[PDB]
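Just one chain is shown here, as structure tokens, and it is the form deposited in one PDB entry.
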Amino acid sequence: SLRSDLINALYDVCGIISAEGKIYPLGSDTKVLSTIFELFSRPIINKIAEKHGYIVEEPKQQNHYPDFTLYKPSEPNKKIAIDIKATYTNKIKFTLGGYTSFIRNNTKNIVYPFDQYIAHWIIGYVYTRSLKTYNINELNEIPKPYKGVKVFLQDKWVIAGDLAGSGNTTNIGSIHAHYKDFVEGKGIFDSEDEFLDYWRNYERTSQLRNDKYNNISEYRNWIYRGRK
């Protein structure tokens, strides 16, 4: 299938190269990598989609989820969203998007209405942590600022957690497990419906959550009480 091939396809940057052949090495910022990984998945996401007859689309306008929207023109409401993410192993975790945007307002901050996607994949890259230029002839001497990239493709609701991944930028956090857990799909939600209900009703600050729920158990008890 589209999913199996993609996973199959997905299984080392030297730096930015300028049109004059000079190569600037990467820096220590963890920022540079997340984007680097998108650039690396791009060709693959595309060759596989095409092979399967999907069209790929990236956001045109800013502040929009997801990195890649795959779909057939024939099946407009069976859209697939793919989001590239990465973090360094130091048990790993991810921020998985806002809980106050599109999941609460179907058309807020998403390239296509949320009800139009029937899958939300996360391709996660996991990795391990000279100020001069080089030429192609000396690629072998350029310092890599990370090693052991490992990746997995996995449905989002599956690895989603019950703790927010950020504060002022209200992000859903993922489970705080081992790479094998994301791959294997060991999560905490019974279903996607639960995943969504939990995050659609999550409050922003603890102060508002203490009177409602702050974890999956408390939420389930919250349902029992009558969502009151």
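Here, rigid core means the biggest group of C-alpha atoms that superpose within 1.5 Å across both forms. In case it trips you up, residue 1 is the first one in the sequence shown, and so on.
Peer 1: Check the residues of the deposited sequence separating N140 from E141 and report how many of them have no coordinates, as none, 1 to 3, 4 to 9, or 10 or more.
Peer 2: The entry has no unmodelled residues between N140 and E141.
Peer 1: Which of the two stretches, 116-124 or 100-108, shows the higher mean Cα temperature factor in the record?
Peer 2: If you average the C-alpha B-factors of 116-124 and of 100-108, the larger mean comes out for 100-108.
Peer 1: Return whichever of 28-36 and 188-196 has the greater mean Cα B factor according to the PDB record.
Peer 2: Comparing 28-36 with 188-196, the higher average CA B-factor belongs to 28-36.
Peer 1: Which of these has the highest Cα B-factor in the record: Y88, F94, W157, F152?
Peer 2: Of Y88, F94, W157, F152, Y88 has the highest C-alpha B-factor.
Peer 1: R204's Cα B-factor: lowest, middle or highest third of the chain?
Peer 2: CA B-factor rank for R204: highest third.
Peer 1: Ordered by C-alpha B-factor within the chain, which third holds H176? Give me lowest, middle or highest, please.
Peer 2: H176: CA B-factor falls in the middle third of its chain.
Peer 1: Give the position of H64 by CA B-factor within its chain, expressed as the lowest, middle or highest third.
Peer 2: It belongs to the lowest third of the chain when residues are ordered by C-alpha B-factor.
Peer 1: Taking only the Cα B-factors deposited for this chain, tell me whether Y213 sits in the lowest, middle or highest third.
Peer 2: Its C-alpha B-factor, which the entry lists for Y213, ranks in the middle third among residues of this chain.
Note that the form deposited in another entry isn't included here; everything after this is about it.
Peer 1: C-alpha of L139: shift of 2 angstroms or more between the shown form and the other one, rigid core aligned?
Peer 2: Yes; that C-alpha moves by at least 2 Å between the shown form and the other one.
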